[PDB]
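Asks: What follows is the file final-v9.cif, containing mmCIF, C-alpha atoms and all ligand atoms:
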```cif
data_input
#
loop_
_atom_site.label_atom_id
_atom_site.label_comp_id
_atom_site.auth_asym_id
_atom_site.auth_seq_id
_atom_site.Cartn_x
_atom_site.Cartn_y
_atom_site.Cartn_z
CA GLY A 458 -73.22 202.59 54.68
CA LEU A 459 -75.45 199.98 52.91
CA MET A 460 -75.18 202.18 49.71
CA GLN A 461 -72.85 200.56 47.10
CA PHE A 462 -72.04 202.06 43.69
CA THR A 463 -72.49 199.37 40.95
CA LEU A 464 -71.38 199.56 37.30
CA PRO A 465 -73.03 198.03 34.22
CA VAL A 466 -71.88 194.42 33.57
CA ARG A 467 -69.21 195.24 30.86
CA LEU A 468 -67.64 197.99 33.07
CA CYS A 469 -67.88 195.89 36.32
CA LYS A 470 -65.71 193.19 34.55
CA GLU A 471 -63.45 195.41 32.39
CA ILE A 472 -62.61 197.87 35.30
CA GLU A 473 -60.58 194.98 36.96
CA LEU A 474 -58.22 194.75 33.92
CA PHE A 475 -55.10 196.95 33.56
CA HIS A 476 -56.04 198.11 30.00
CA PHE A 477 -59.57 199.43 30.92
CA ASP A 478 -60.49 202.75 29.19
CA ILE A 479 -62.87 204.88 31.38
CA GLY A 480 -64.92 205.94 28.30
CA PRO A 481 -66.16 209.26 26.85
CA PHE A 482 -69.03 209.88 29.37
CA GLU A 483 -67.51 212.47 31.79
CA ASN A 484 -70.56 212.22 34.14
CA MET A 485 -69.71 208.51 34.91
CA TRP A 486 -66.05 209.20 35.97
CA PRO A 487 -66.80 210.34 39.58
CA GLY A 488 -68.91 207.16 40.16
CA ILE A 489 -66.15 204.99 38.55
CA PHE A 490 -63.64 206.52 41.07
CA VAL A 491 -65.96 206.01 44.12
CA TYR A 492 -66.55 202.37 42.97
CA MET A 493 -62.75 201.82 42.87
CA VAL A 494 -62.26 203.42 46.36
CA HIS A 495 -65.07 201.20 47.81
CA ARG A 496 -63.63 197.90 46.37
CA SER A 497 -59.92 198.87 47.02
CA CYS A 498 -60.33 200.49 50.47
CA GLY A 499 -63.81 199.62 51.89
CA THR A 500 -67.18 201.49 51.99
CA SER A 501 -65.97 202.92 55.41
CA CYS A 502 -62.63 204.59 54.36
CA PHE A 503 -64.46 207.88 53.57
CA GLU A 504 -67.77 209.60 54.46
CA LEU A 505 -69.56 209.49 51.03
CA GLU A 506 -70.91 213.11 51.47
CA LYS A 507 -67.28 214.38 51.97
CA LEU A 508 -65.71 212.08 49.27
CA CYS A 509 -68.29 213.31 46.66
CA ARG A 510 -67.59 216.97 47.64
CA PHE A 511 -63.79 216.34 47.43
CA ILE A 512 -64.09 214.63 43.96
CA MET A 513 -66.18 217.55 42.52
CA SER A 514 -63.74 220.18 43.92
CA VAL A 515 -60.82 218.21 42.31
CA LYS A 516 -62.70 218.07 38.94
CA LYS A 517 -63.34 221.90 39.02
CA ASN A 518 -59.57 222.54 39.58
CA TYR A 519 -58.51 220.50 36.46
CA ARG A 520 -58.43 222.72 33.31
CA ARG A 521 -59.77 222.11 29.76
CA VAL A 522 -56.38 221.14 28.24
CA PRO A 523 -55.99 218.37 25.63
CA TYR A 524 -54.14 215.83 27.89
CA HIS A 525 -53.40 216.94 31.53
CA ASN A 526 -57.16 217.05 32.25
CA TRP A 527 -59.72 215.41 34.58
CA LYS A 528 -59.85 212.27 32.31
CA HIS A 529 -56.04 211.84 32.80
CA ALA A 530 -56.57 212.10 36.62
CA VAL A 531 -59.24 209.34 36.66
CA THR A 532 -57.30 207.19 34.13
CA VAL A 533 -54.16 207.37 36.39
CA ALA A 534 -56.28 206.49 39.52
CA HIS A 535 -57.69 203.43 37.64
CA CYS A 536 -54.17 202.07 36.83
CA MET A 537 -53.26 202.45 40.58
CA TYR A 538 -56.60 200.69 41.40
CA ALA A 539 -55.56 197.75 39.14
CA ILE A 540 -52.04 197.58 40.75
CA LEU A 541 -53.52 197.68 44.30
CA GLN A 542 -56.19 195.01 43.57
CA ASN A 543 -53.60 192.61 41.95
CA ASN A 544 -51.32 193.08 45.08
CA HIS A 545 -53.87 192.77 47.96
CA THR A 546 -51.61 191.93 50.96
CA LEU A 547 -48.54 194.09 50.00
CA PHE A 548 -50.07 197.54 50.93
CA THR A 549 -51.32 199.09 54.21
CA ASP A 550 -54.85 200.56 54.79
CA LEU A 551 -53.25 204.09 54.84
CA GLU A 552 -51.34 203.49 51.56
CA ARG A 553 -54.53 202.31 49.73
CA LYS A 554 -56.49 205.43 50.99
CA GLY A 555 -53.63 207.86 50.07
CA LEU A 556 -52.49 206.46 46.68
CA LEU A 557 -55.89 206.64 44.83
CA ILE A 558 -56.36 210.23 46.15
CA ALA A 559 -52.71 210.99 45.20
CA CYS A 560 -53.44 209.79 41.58
CA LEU A 561 -56.72 211.75 41.32
CA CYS A 562 -54.87 214.92 42.53
CA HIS A 563 -51.40 214.39 40.91
CA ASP A 564 -51.84 217.00 38.09
CA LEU A 565 -54.26 219.48 39.84
CA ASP A 566 -54.40 222.90 38.05
CA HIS A 567 -52.02 221.81 35.20
CA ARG A 568 -51.82 224.45 32.42
CA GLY A 569 -50.38 221.92 29.89
CA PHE A 570 -46.75 223.24 30.14
CA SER A 571 -43.56 221.47 31.38
CA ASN A 572 -41.41 222.63 34.36
CA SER A 573 -38.90 223.76 31.61
CA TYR A 574 -41.32 226.24 29.96
CA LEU A 575 -42.33 227.72 33.42
CA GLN A 576 -38.57 228.31 34.19
CA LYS A 577 -37.81 229.90 30.74
CA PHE A 578 -41.06 231.96 30.95
CA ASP A 579 -39.97 233.04 34.50
CA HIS A 580 -43.46 232.08 35.82
CA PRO A 581 -44.10 233.00 39.52
CA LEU A 582 -44.33 229.22 40.45
CA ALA A 583 -40.67 228.73 39.26
CA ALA A 584 -39.60 231.30 41.98
CA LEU A 585 -41.75 229.58 44.69
CA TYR A 586 -40.53 225.97 43.81
CA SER A 587 -37.12 225.76 42.03
CA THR A 588 -37.44 221.98 41.15
CA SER A 589 -40.47 219.69 40.54
CA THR A 590 -42.25 223.07 40.06
CA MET A 591 -45.68 221.85 38.81
CA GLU A 592 -45.60 218.80 41.17
CA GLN A 593 -45.06 220.99 44.31
CA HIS A 594 -48.02 223.09 43.00
CA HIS A 595 -50.23 219.94 42.51
CA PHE A 596 -49.54 218.91 46.16
CA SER A 597 -50.28 222.50 47.40
CA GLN A 598 -53.60 222.45 45.44
CA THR A 599 -54.44 219.03 47.10
CA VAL A 600 -53.82 220.43 50.63
CA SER A 601 -55.95 223.57 49.87
CA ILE A 602 -58.97 221.49 48.62
CA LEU A 603 -58.69 219.15 51.70
CA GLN A 604 -58.97 222.30 53.94
CA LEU A 605 -62.22 223.59 52.31
CA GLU A 606 -65.12 223.26 54.84
CA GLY A 607 -66.70 219.75 54.46
CA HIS A 608 -63.83 218.46 52.16
CA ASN A 609 -61.52 216.75 54.75
CA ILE A 610 -62.11 213.06 53.74
CA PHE A 611 -59.31 212.11 56.27
CA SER A 612 -60.92 213.84 59.35
CA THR A 613 -61.66 210.43 61.08
CA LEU A 614 -57.95 209.36 60.95
CA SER A 615 -55.84 210.00 64.13
CA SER A 616 -53.31 212.91 64.22
CA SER A 617 -50.38 210.49 63.37
CA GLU A 618 -52.36 208.58 60.66
CA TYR A 619 -53.34 211.96 59.05
CA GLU A 620 -49.64 213.06 58.98
CA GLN A 621 -48.54 209.68 57.44
CA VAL A 622 -51.22 209.81 54.65
CA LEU A 623 -50.36 213.47 53.72
CA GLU A 624 -46.67 212.41 53.54
CA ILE A 625 -47.59 209.36 51.30
CA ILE A 626 -49.59 211.76 49.02
CA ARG A 627 -46.73 214.40 48.97
CA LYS A 628 -44.02 211.83 48.01
CA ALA A 629 -46.42 210.10 45.50
CA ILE A 630 -47.13 213.44 43.71
CA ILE A 631 -43.45 214.66 43.72
CA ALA A 632 -42.43 211.24 42.17
CA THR A 633 -44.70 211.88 39.08
CA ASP A 634 -41.91 214.39 38.12
CA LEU A 635 -40.35 212.36 35.26
CA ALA A 636 -36.89 214.03 35.86
CA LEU A 637 -36.85 212.11 39.25
CA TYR A 638 -37.90 208.72 37.71
CA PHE A 639 -34.51 207.80 36.05
CA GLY A 640 -32.56 207.95 39.36
CA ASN A 641 -35.45 206.28 41.25
CA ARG A 642 -35.61 203.28 38.85
CA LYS A 643 -31.76 202.94 38.71
CA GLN A 644 -31.69 202.64 42.57
CA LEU A 645 -34.64 200.14 42.58
CA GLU A 646 -32.82 198.09 39.84
CA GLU A 647 -29.47 198.01 41.82
CA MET A 648 -31.44 197.04 45.04
CA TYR A 649 -33.55 194.19 43.48
CA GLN A 650 -30.45 192.76 41.61
CA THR A 651 -28.02 192.79 44.63
CA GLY A 652 -31.13 191.50 46.55
CA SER A 653 -30.96 194.35 49.19
CA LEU A 654 -34.65 195.34 48.42
CA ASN A 655 -36.59 195.35 51.77
CA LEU A 656 -40.34 196.39 51.83
CA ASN A 657 -40.13 196.85 55.68
CA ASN A 658 -37.60 199.66 54.90
CA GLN A 659 -39.73 202.88 54.61
CA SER A 660 -37.17 204.52 52.19
CA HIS A 661 -37.50 201.37 49.97
CA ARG A 662 -41.38 201.50 50.00
CA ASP A 663 -41.15 205.22 49.03
CA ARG A 664 -39.00 204.27 45.97
CA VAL A 665 -41.49 201.45 44.95
CA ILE A 666 -44.53 203.75 45.48
CA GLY A 667 -42.74 206.36 43.27
CA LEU A 668 -42.27 203.73 40.49
CA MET A 669 -46.00 202.76 40.75
CA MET A 670 -46.80 206.52 40.30
CA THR A 671 -44.61 206.72 37.12
CA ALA A 672 -46.22 203.42 35.84
CA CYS A 673 -49.80 204.80 36.43
CA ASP A 674 -48.88 208.25 35.06
CA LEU A 675 -47.55 206.72 31.78
CA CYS A 676 -50.38 204.13 31.49
CA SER A 677 -51.65 205.42 28.05
CA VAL A 678 -48.78 203.24 26.63
CA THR A 679 -50.41 200.11 28.29
CA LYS A 680 -53.88 200.43 26.60
CA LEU A 681 -55.33 198.83 23.44
CA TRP A 682 -53.46 200.35 20.44
CA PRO A 683 -56.38 202.60 19.31
CA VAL A 684 -56.56 204.20 22.88
CA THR A 685 -52.70 204.56 22.97
CA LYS A 686 -52.60 206.14 19.47
CA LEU A 687 -55.56 208.53 20.12
CA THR A 688 -54.06 209.63 23.51
CA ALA A 689 -50.68 210.31 21.71
CA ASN A 690 -52.49 213.05 19.64
CA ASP A 691 -53.65 214.74 22.91
CA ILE A 692 -50.07 214.45 24.33
CA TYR A 693 -48.47 216.08 21.22
CA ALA A 694 -51.23 218.79 21.04
CA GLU A 695 -49.85 220.10 24.40
CA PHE A 696 -46.11 219.55 23.46
CA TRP A 697 -46.56 221.49 20.16
CA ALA A 698 -48.52 224.33 21.92
CA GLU A 699 -45.51 224.48 24.35
CA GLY A 700 -43.09 224.63 21.35
CA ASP A 701 -45.15 227.49 19.81
CA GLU A 702 -44.83 229.34 23.18
CA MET A 703 -41.02 228.61 23.23
CA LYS A 704 -40.77 230.17 19.69
CA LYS A 705 -42.65 233.29 21.01
CA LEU A 706 -39.83 233.61 23.66
CA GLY A 707 -37.29 233.33 20.74
CA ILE A 708 -36.08 229.75 21.64
CA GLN A 709 -36.18 226.89 19.03
CA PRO A 710 -38.08 224.11 20.87
CA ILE A 711 -36.64 220.56 21.19
CA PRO A 712 -38.02 218.40 18.28
CA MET A 713 -40.58 216.73 20.66
CA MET A 714 -42.35 220.15 20.91
CA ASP A 715 -41.82 221.29 17.27
CA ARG A 716 -45.04 220.71 15.24
CA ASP A 717 -42.77 221.13 12.12
CA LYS A 718 -41.34 217.65 13.04
CA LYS A 719 -44.76 215.79 13.14
CA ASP A 720 -43.01 213.23 10.79
CA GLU A 721 -40.51 212.13 13.56
CA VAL A 722 -43.26 211.18 16.15
CA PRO A 723 -43.03 207.39 15.45
CA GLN A 724 -39.20 207.41 16.08
CA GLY A 725 -39.68 209.64 19.22
CA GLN A 726 -42.15 207.00 20.54
CA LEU A 727 -39.48 204.18 20.13
CA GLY A 728 -36.94 206.28 22.11
CA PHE A 729 -39.58 206.97 24.81
CA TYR A 730 -40.81 203.29 25.12
CA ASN A 731 -37.12 202.09 25.18
CA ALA A 732 -35.67 204.96 27.34
CA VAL A 733 -38.67 205.36 29.78
CA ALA A 734 -41.80 203.14 29.53
CA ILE A 735 -40.31 199.60 29.03
CA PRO A 736 -37.69 199.91 31.83
CA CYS A 737 -40.43 201.39 34.15
CA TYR A 738 -42.81 198.39 33.66
CA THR A 739 -39.88 195.84 33.60
CA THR A 740 -38.63 196.96 37.09
CA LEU A 741 -42.26 197.20 38.35
CA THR A 742 -42.86 193.57 37.16
CA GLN A 743 -39.60 192.44 38.87
CA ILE A 744 -40.81 193.99 42.22
CA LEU A 745 -44.59 193.21 41.82
CA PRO A 746 -45.00 190.19 39.47
CA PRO A 747 -48.82 190.52 39.09
CA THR A 748 -48.32 193.89 37.16
CA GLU A 749 -46.82 191.91 34.19
CA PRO A 750 -49.88 192.66 31.97
CA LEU A 751 -48.70 196.39 31.89
CA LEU A 752 -45.22 195.28 30.59
CA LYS A 753 -46.86 192.98 27.95
CA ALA A 754 -49.31 195.72 26.67
CA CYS A 755 -46.36 198.24 26.58
CA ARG A 756 -44.23 195.81 24.45
CA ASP A 757 -47.28 195.23 22.14
CA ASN A 758 -47.61 199.05 21.65
CA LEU A 759 -43.81 199.43 20.93
CA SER A 760 -44.32 196.75 18.18
CA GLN A 761 -47.28 198.85 16.81
CA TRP A 762 -45.04 202.01 16.58
CA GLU A 763 -42.36 199.83 14.86
CA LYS A 764 -45.16 198.85 12.36
CA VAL A 765 -46.00 202.58 11.69
CA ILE A 766 -42.27 203.35 10.90
CA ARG A 767 -42.13 200.35 8.44
CA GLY A 768 -45.11 202.15 6.72
CA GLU A 769 -47.45 199.13 7.42
CA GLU A 770 -49.67 201.87 9.02
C1 LIG B 801 -46.46 208.82 25.22
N1 LIG B 801 -46.06 209.61 26.40
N2 LIG B 801 -46.72 209.56 27.60
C2 LIG B 801 -46.23 210.45 28.39
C3 LIG B 801 -45.20 211.14 27.74
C4 LIG B 801 -44.40 212.21 28.40
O1 LIG B 801 -43.19 212.31 28.27
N3 LIG B 801 -45.00 213.07 29.20
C5 LIG B 801 -44.52 214.22 29.99
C6 LIG B 801 -45.96 214.77 29.94
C7 LIG B 801 -46.40 213.32 29.59
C8 LIG B 801 -45.10 210.59 26.46
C9 LIG B 801 -44.14 210.96 25.37
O2 LIG B 801 -44.50 210.92 24.22
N4 LIG B 801 -42.89 211.30 25.67
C10 LIG B 801 -41.92 211.63 24.70
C11 LIG B 801 -41.99 211.80 23.35
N5 LIG B 801 -40.69 212.07 22.92
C12 LIG B 801 -40.18 212.43 21.66
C13 LIG B 801 -38.77 212.59 21.46
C14 LIG B 801 -38.27 213.02 20.26
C15 LIG B 801 -39.25 213.35 19.28
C16 LIG B 801 -38.89 213.81 18.00
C17 LIG B 801 -39.85 214.14 17.08
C18 LIG B 801 -41.22 213.99 17.37
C19 LIG B 801 -41.61 213.54 18.60
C20 LIG B 801 -40.65 213.22 19.57
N6 LIG B 801 -41.05 212.76 20.73
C21 LIG B 801 -39.90 212.08 24.02
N7 LIG B 801 -40.63 211.79 25.06
MG MG B 802 -47.59 215.76 36.16
ZN ZN B 803 -49.99 213.02 35.04
#
```
Take the structure in this file and express it as structure tokens.
Ligand SMILES: Cn1ncc(C(=O)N2CCC2)c1C(=O)Nc1cn(-c2ccc3ccccc3n2)cn1
Ligand SMILES: [Mg+2]
Ligand SMILES: [Zn+2]

Replies:
Amino acid sequence: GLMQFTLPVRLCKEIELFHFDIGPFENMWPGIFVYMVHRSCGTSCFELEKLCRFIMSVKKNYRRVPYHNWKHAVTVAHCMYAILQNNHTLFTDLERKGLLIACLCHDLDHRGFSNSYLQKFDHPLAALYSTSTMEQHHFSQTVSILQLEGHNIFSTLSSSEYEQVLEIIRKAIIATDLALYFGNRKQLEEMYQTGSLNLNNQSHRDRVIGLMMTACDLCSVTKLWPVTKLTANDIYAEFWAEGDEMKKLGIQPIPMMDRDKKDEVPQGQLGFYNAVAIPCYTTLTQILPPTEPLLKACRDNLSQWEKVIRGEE
């Protein structure tokens, strides 16, 4: 109740900024998350005993992979924290509860492999869930952890409020499937430009929430250049491991996953910032103007990758 989490001065200030890096001290990340829930949601949203037990169960069910790990989870929750805090009056009490939990849980039990590799491997999960394979798994993992004795952080919601939050979390996690982003952002673009966008329309809020999830998921591209560059190594470590596994099945991987084409990474980054990241943050800034700092950092990082290609680093 009267127990607040407090951060050291530099963190307390820097955590409010979009480009905050959560640091290399794993043992501080749970406290960083609880801090963000308390400021974003209230010290009443969750029983602290249950929240702490939920957080530690979520951490245990993230694997020791180079990128899709517990640090990614907390990083993606922080970006959502920053969006929510810069957009106070736009989101409901339920949405603010659900979305930080959704971000913490969005890659639960990730093995570091794409939906593609699961399908070509003929992994059991690709028979259970024929599209958004890993994302349906991440939501299933979230529901299972919530149902562990003492882990139901939502228990003090009403029956209807509980159903609404689980549906917010389900849609939020499914939307982190990048295959679904292109269509989602096209529809948001058409709607904002014809002016038909209506945030009282539930189907419209769903689309906007989904774009916020893509924005948060991709947020390594919105950090200081050294964070962005050092995260890129972790991202490619997984992609290249996946390409190795493709070659073991007798399939030449796409260049993205071929460690033989290390050289082409800078040009692949331009394509990705131009095809995915920049349009994601542009449409987000059109719908929620206070998220402009993400667009600006993303553009700065595109310019840095341009500088690497020109051999100036
Ligand atoms: C930075 N970032 N953050 C998230 C993701 C992502 O997609 N994720 C799904 C899991 C996270 C990325 C990313 O790098 N995507 C990407 C990189 N390329 C390319 C394309 C052609 C290439 C040719 C040669 C070498 C490298 C290449 N790379 C295409 N898409
Ligand atoms: Mg994912
Ligand atoms: Zn993710």

Asks: State, in Å with one decimal place, the distance from atom CA of residue 695 of chain A to atom CA of residue 707 of chain A.

Replies: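 It comes out at 18.6 Å.
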
Asks: Can you pull out the residues contacting segment 650-659 of chain A? Cut-off 10 Å, using all atoms listed in the file, and skip same-chain residues under 5 positions away; I want them as a list in words.

Replies: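 That gives residues 547, 548, 644, 645, 664, 665, 743 and 744 of chain A.
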
Asks: Using all atoms listed in the file, which of the listed residues (A:671, A:761, A:589, A:731) sits closest to ligand ZN 803 (chain B)?

Replies: A:671

Asks: I'd like the contact shell of residue 464 of chain A - 12 Å cut-off, all atoms listed in the file, skipping same-chain residues fewer than 4 positions apart - returned as number ranges by chain.

Replies: A: 468-473, 479, 485-493

Asks: Just the number, please: distance in Å from atom CA of residue 767 of chain A to atom CA of residue 691 of chain A, one decimal.

Replies: 23.4 Å

Asks: My list of candidates is A:736, A:463, A:704, A:564. Which is closest to residue 641 of chain A when distances are computed with only C-alpha atoms?

Replies: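 Residue with the minimum atom-to-atom distance to residue 641 of chain A: A:736.
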
Asks: Dump the neighbourhood of ligand ZN 803 (chain B) as JSON, numbers by chain: all residues within 12 Å, distances computed on all atoms listed in the file.

Replies: {"A": [519, 524, 525, 526, 527, 528, 529, 530, 531, 532, 533, 534, 536, 559, 560, 561, 562, 563, 564, 565, 566, 567, 568, 569, 570, 571, 591, 592, 595, 629, 630, 631, 632, 633, 634, 635, 670, 671, 672, 673, 674, 675, 676, 677, 692]}

Asks: Report the closest atom pair, with its distance in Å rounded to one decimal, for each residue of chain A that has an atom no farther than 7 Å from ligand LIG 801 (chain B); count only C-alpha atoms and all ligand atoms, sort by chain and then rising residue number, and write it as CSV.

Replies:
```
residue,atom,partner,partner_atom,distance
A:635,CA,B:LIG801,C5,7.0
A:675,CA,B:LIG801,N2,5.1
A:677,CA,B:LIG801,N2,6.5
A:678,CA,B:LIG801,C1,6.2
A:689,CA,B:LIG801,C1,5.7
A:692,CA,B:LIG801,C7,6.5
A:712,CA,B:LIG801,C16,4.7
A:713,CA,B:LIG801,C20,3.7
A:718,CA,B:LIG801,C17,5.6
A:719,CA,B:LIG801,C18,5.8
A:720,CA,B:LIG801,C18,6.9
A:721,CA,B:LIG801,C17,4.1
A:722,CA,B:LIG801,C18,3.7
A:724,CA,B:LIG801,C16,6.7
A:725,CA,B:LIG801,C20,3.7
A:726,CA,B:LIG801,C11,5.6
A:728,CA,B:LIG801,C13,6.6
A:729,CA,B:LIG801,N7,4.9
```

Asks: Using all atoms listed in the file, determine which residues lie at most 9 Å from segment 551-554 of chain A, disregarding the query and same-chain residues fewer than 4 positions distant; provide the list as a PDB file with C-alpha atoms, in the coordinates of the input.

Replies:
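Below is the file out-v9.pdb, written as the result:
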```pdb
ATOM      1  CA  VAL A 494     -62.260 203.420  46.360  1.00  0.00           C
ATOM      2  CA  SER A 497     -59.920 198.870  47.020  1.00  0.00           C
ATOM      3  CA  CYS A 498     -60.330 200.490  50.470  1.00  0.00           C
ATOM      4  CA  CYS A 502     -62.630 204.590  54.360  1.00  0.00           C
ATOM      5  CA  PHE A 503     -64.460 207.880  53.570  1.00  0.00           C
ATOM      6  CA  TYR A 538     -56.600 200.690  41.400  1.00  0.00           C
ATOM      7  CA  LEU A 541     -53.520 197.680  44.300  1.00  0.00           C
ATOM      8  CA  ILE A 558     -56.360 210.230  46.150  1.00  0.00           C
ATOM      9  CA  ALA A 559     -52.710 210.990  45.200  1.00  0.00           C
ATOM     10  CA  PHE A 611     -59.310 212.110  56.270  1.00  0.00           C
ATOM     11  CA  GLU A 618     -52.360 208.580  60.660  1.00  0.00           C
ATOM     12  CA  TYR A 619     -53.340 211.960  59.050  1.00  0.00           C
ATOM     13  CA  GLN A 621     -48.540 209.680  57.440  1.00  0.00           C
ATOM     14  CA  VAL A 622     -51.220 209.810  54.650  1.00  0.00           C
ATOM     15  CA  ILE A 625     -47.590 209.360  51.300  1.00  0.00           C
ATOM     16  CA  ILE A 626     -49.590 211.760  49.020  1.00  0.00           C
TER      17      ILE A 626
END
```
